[PDB]
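K.L.:
partial complex follows, first chain(s) only, in situ:
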Amino acid sequence: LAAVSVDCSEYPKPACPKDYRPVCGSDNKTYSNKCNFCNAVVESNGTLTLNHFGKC
Amino acid sequence: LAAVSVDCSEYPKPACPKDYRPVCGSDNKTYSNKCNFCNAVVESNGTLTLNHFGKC
């Protein structure tokens, strides 16, 4: 199986970059970057995942 | 799941290297490197993913 992926291991991080590189989460919300996405993933305890890269 | 993946989480980027090290997209197009591929994935909003590494 081949995928396109995000590694959220280094997260959470108390501060994130202000770089806009959007990720669409499975909550159908668009996270401004990987760092916001991943902070949210880890805190979601299982319930938030990746839908696709880019704006929803 | 165990997968073979490309990490596109730091994309898009302002420019890519000219380095040849192809990736075959799910569109059966060969992308000259990972960077060119991931810049395309993040614009495809969901529709482009990895097919395999190396030229199609």
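P.N.:
It's in. Numbers count the residues shown, from 1 in each chain, chains lettered A, B, ... in the order given.
K.L.:
what's next to the helix or strand encompassing residue A:37, contact-wise?
P.N.:
Per DSSP states H and E, residue A:37 falls inside helix A:34-43. With contact meaning CB atoms under 8 Å, 6 or more residues apart in numbering or on different chains, helix A:34-43 is reached by A:6, A:8, A:10-13, A:16-17, A:21, A:23, A:25, A:31, A:48-50, B:9-10. Placement of C-beta: from N, CA and C, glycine included.
K.L.:
can you give me the distance of residue A:3 to residue B:2?
P.N.:
10 Å (CB to CB, to the nearest Å).
K.L.:
tell me which of the two has more neighbours.
P.N.:
residue A:3 (13 against 4; other CB atoms under 10 Å in any protein chain shown).
K.L.:
kindly incorporate the sequence below as chain C:
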Amino acid sequence: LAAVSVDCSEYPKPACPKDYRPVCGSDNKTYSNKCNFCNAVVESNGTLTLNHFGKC
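P.N.:
This next block brings in chain C, placed alongside the chains you saw above:
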């Protein structure tokens, strides 16, 4: 496919850090960090995978 993943390709390792930054395995056990988790995945021969990031 778009996934959320942990890269375990450089595992097993001789030792892991004591750093707390939990990962929940598909066995519903919480692994104190990515390194402890991946050392377990590579011994599980197929049966253990990621459930989610953070504590179970």
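K.L.:
now with chain C: the contacts of helix A:34-43?
P.N.:
Contacts of helix A:34-43 (CB under 8 Å, 6+ apart): A:6, A:8, A:10-13, A:16-17, A:21, A:23, A:25, A:31, A:48-50, B:9-10, C:4, C:52-54.
K.L.:
ok, then the element right after it?
P.N.:
By DSSP H and E, the next helix or strand past helix A:34-43 is strand A:50-53.
K.L.:
next one: that following strand to chain centre, how far?
P.N.:
8 Å (CA atoms, centre = their mean, to the nearest Å).
K.L.:
do the same with stretch A:5-24
P.N.:
6 Å.
K.L.:
straight-line length of that stretch, end to end?
P.N.:
Terminal residues of stretch A:5-24 lie 13 Å apart, using CA to CA, to the nearest Å.
K.L.:
now do the buried residues in it.
P.N.:
Buried residues in stretch A:5-24, defined by neighbour count with 16 or more other CB atoms under 10 Å in any protein chain shown: A:5, A:6, A:7, A:8, A:9, A:11, A:12, A:16, A:21, A:22, A:23, A:24.
K.L.:
chain D follows; place it on the structure:
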Amino acid sequence: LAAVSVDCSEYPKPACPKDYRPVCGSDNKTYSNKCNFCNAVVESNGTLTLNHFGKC
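P.N.:
Let me put chain D in with the others:
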């Protein structure tokens, strides 16, 4: 979707480390490490993938 993954982007590499960190390929062969696995993946043009980490 949550996975455990390998990134084979930096490959092929003409030489590999002699570190023994086995990967089982979907050809049901066991590759001595990530570098041997990935060299083989890229040359396989699509036909070789990950089965699981560790010896087959």
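K.L.:
again for the contacts of helix A:34-43, since chain D is there now?
P.N.:
Counting by CB under 8 Å, 6+ apart, A:6, A:8, A:10-13, A:16-17, A:21, A:23, A:25, A:31, A:48-50, B:9-10, C:4, C:52-54 sit against helix A:34-43.
K.L.:
looking at those residues, which are in strands?
P.N.:
A:6, A:23, A:25, A:31, A:50, C:4, C:52, C:53 (DSSP state E).
K.L.:
so which bits of chain A are right by chain C?
P.N.:
A:1-9, A:11, A:38, A:41-46, A:49-53 (CB under 8 Å from any CB of the partner chain).
K.L.:
if we use 10 Å, what do you get?
P.N.:
Within chain A, the positions near chain C by CB under 10 Å from any CB of the partner chain are A:1-12, A:23-24, A:26, A:37-38, A:41-53.
K.L.:
so the residue nearest to residue A:24 when sequence neighbours are not counted, which of the three states?
P.N.:
Counting by CB to CB, 6 or more residues apart in numbering or on different chains, residue A:24 lies nearest to residue A:56, which is 3.7 Å off, once chain neighbours are set aside. Here residue A:56 is coil, with the state taken from DSSP: H, G, I helix; E, B strand; the rest coil.
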